[PDB]
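Enquirer: Following this: a sequence and the matching experimental structure.
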Amino acid sequence: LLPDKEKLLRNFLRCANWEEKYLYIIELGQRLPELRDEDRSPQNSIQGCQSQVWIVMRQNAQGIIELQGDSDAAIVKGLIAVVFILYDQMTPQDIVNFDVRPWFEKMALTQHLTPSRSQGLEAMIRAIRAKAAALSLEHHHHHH
Amino acid sequence: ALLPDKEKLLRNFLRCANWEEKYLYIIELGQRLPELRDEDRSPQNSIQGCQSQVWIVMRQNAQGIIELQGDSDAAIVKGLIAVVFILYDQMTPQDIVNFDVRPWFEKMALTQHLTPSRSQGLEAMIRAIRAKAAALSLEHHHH
């Protein structure tokens, strides 16, 4: 399976150099479960990642998010796994108020990946939070 | 192959803006290598110590120039092969023997920030080539 966020950060920082870090991210991506051919459709497409990206978020029998995704770009799929780890086992509202910025700063991703890659990472985060917000946002009564 | 010359190659590396762009450029250089002749890929032209399958075939044409072709099992290593071919482009065996690559690898910081084996594999292919070059350099061309 995928390590929790605490272990991800510790293993990442334990890598002796950036090639090891880069291949570790890709390795995690390859560990993601296969995406149902049925879910690999436009409805689940994410734009702005310089590649094909698919992400599906659904709530189980309880109110906890279950995330699945894929990318035709290995490094992008790895970033998908990194975000899944950080948002793992959270309710929609937990995802909305969870600040991931400090985790990425510690990993120093934006400083080692291409700007285009970093933008793709921001796009998926924004897309996941958007989906989490649509499930928890307030429909204020003064707006009915 | 259609690749920049040493001089251009170096400038290109200097322009890389981040670890990833540089890493992928090395992979790109490998992707620019012509495919090896169907089974030119022999245990003979096999290089060892590159933490992967590496093949390099050396040839000397009618003009005494060394022509090199290669391929690797690992994309990054194949990029390192491409770099080596560019450095030795259009050289005679003797040229390859007295060419000090050290200053070039140093300015490119080629294997820096890569896993340890990369610089080991790089050293492997260089000694392999220099070895063959020296052998040929003892038997001189015409003039």
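Expert: Noted; the coordinates are in hand. Residues are numbered from 1 along each chain as shown, chains lettered A, B, ... in the order given.

Enquirer: from the chain's centre, how far out does the lengthiest helix in chain A sit?
Expert: Using DSSP state H, we find that the single longest helix of chain A is helix A:115-136. Offset of helix A:115-136 from its chain centre (C-alpha atoms, centre = their mean, to the nearest Å): 8 Å.

Enquirer: just the angle between it and helix B:19-31, please?
Expert: On the basis of axes from the mean of the first three to the mean of the last three C-alpha atoms, to 10 degrees, helix A:115-136 is oriented at 120 degrees to helix B:19-31.

Enquirer: what about helix A:115-136, near chain B?
Expert: Yes - using C-beta under 8 Å from any C-beta of the partner chain, a contact is recorded between helix A:115-136 and chain B, made by A:115, A:117. In short, each C-beta sits where N, CA and C put it, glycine included.

Enquirer: Tell me which residues of that helix come out buried.
Expert: By neighbour count with 16 or more other C-beta atoms under 10 Å in any protein chain shown, helix A:115-136 contains the buried residues A:117-118, A:120-121, A:123-125, A:127-129, A:131-132, A:135.

Enquirer: Give me the helices and strands touching the helix or strand residue A:66 falls within, please.
Expert: Take DSSP states H and E as the rule and residue A:66 turns out to sit in strand A:65-71. Strand A:65-71 is packed against strand A:53-59, helix A:74-86, with contacts defined by 3 or more C-beta pairs under 8 Å, 6 or more residues apart in numbering or on different chains; DSSP states H and E.

Enquirer: now the residue in chain A positioned nearest to chain B: how far from residue A:46?
Expert: Closest approach between chain A and chain B, counting by C-beta to the nearest C-beta: residue A:112, at 4.1 Å. Taking C-beta to C-beta, to the nearest Å as the criterion, residue A:112 is separated from residue A:46 by 22 Å.

Enquirer: With residue A:55 instead?
Expert: Counting by C-beta to C-beta - residue A:55 and residue A:46 are separated by 5 Å.

Enquirer: Common neighbours of these two, please.
Expert: A:124, A:127 (C-beta atoms under 8 Å, 6 or more residues apart in numbering or on different chains).

Enquirer: Report the separation between the one residue sitting closest to the centre of chain A and residue A:26.
Expert: In chain A, the residue lying closest to the centroid (C-alpha atoms, centre = their mean) is residue A:83, at 2.7 Å. With distances taken as C-beta to C-beta, residue A:83 is found 15 Å from residue A:26.
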